[PDB]
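>>> Sequence isn't available, so here's the structure alone:
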């Protein structure tokens with residue numbers, strides 16, 4: 001029965017881990033239950049990019065991002081996050097939120113804006129806190145994502 005504070009802290013730690021996996025895999029990272037969740041998240045995110053490459057691969061081009069400035073990335077992330085959930089919350093939609101955040105973060109890092117990753121993580125953290133946290137607690141928390149596969 002996690003608290004809202006813990007759920008948000010885990011949301012940001014899961015974001016950092018997912019992003020770190022993607023940066024390392026993209027080749028631009030030149031620097032228990034939780035690990036289970038991270039592996040599921042990466043798996044479901046990858047499946048999303050596999051099935052819908054035109055939407056989740058090349059996030060920056062999809063959103064028409066030219067400058068990787070802090071206001072552009074933050075407004076791009078928030079505007080997509082708002083549209084993702086307008087019709088309800090599901091685990092698949094949460095996965096899509098992380099996939100958008102990581103696609104943006106990879107593009108920032110490739111364009112000499114690695115400082116932006118901290119901002120993306122904070123934006124996802126605050127969006128979860130204000131939009132999703134009560135739904136997560138009804139599911140039993142992040143561990144419920146293990147029910148998204150077998």
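Nice, thanks for sending it over. Residues are numbered from 1 along each chain as shown.
>>> only C-alpha atoms for contact and neighbour calcs from this point on.
OK.
>>> Can you get me a residue count around residue 123?
20 (other Cα atoms under 10 Å).
>>> Actually, residue 85.
15.
>>> Tell me, how many residues neighbour the nearest residue to it once chain neighbours are set aside?
Leaving out its chain neighbours, the residue that sits closest to residue 85 by Cα to Cα, 6 or more residues apart in numbering is residue 93, at 6.9 Å. Per other Cα under 10 Å, the neighbour tally for residue 93 reads 14.
>>> Quick one: classify residue 93 as helix, strand or coil.
Put simply, residue 93 is helix when judged by DSSP: H, G, I helix; E, B strand; the rest coil.
>>> In the chain, which residue is most central in space?
The chain has residue 98 as the residue nearest its centroid, 1.6 Å off, counting by Cα atoms, centre = their mean.
>>> Is it correct that that residue is in contact with residue 15?
Yes: the criterion here is Cα atoms under 8 Å, and residue 98 meets it with residue 15 at 6.6 Å.
>>> And stretch 99-118, end to end?
16 Å (Cα to Cα, to the nearest Å).
>>> hang on, the earlier thing: contacts made by the one helix or strand the residue nearest to the centre of the chain maps to with the rest, please.
Element membership for residue 98, per DSSP states H and E: helix 91-110. Applying Cα atoms under 8 Å, 6 or more residues apart in numbering, the external contacts of helix 91-110 come out as 15, 18-19, 22-23, 26, 28, 41, 44-45, 48, 56-60, 68, 73, 77, 81, 84-85, 114-117, 120-121, 124, 145, 148.
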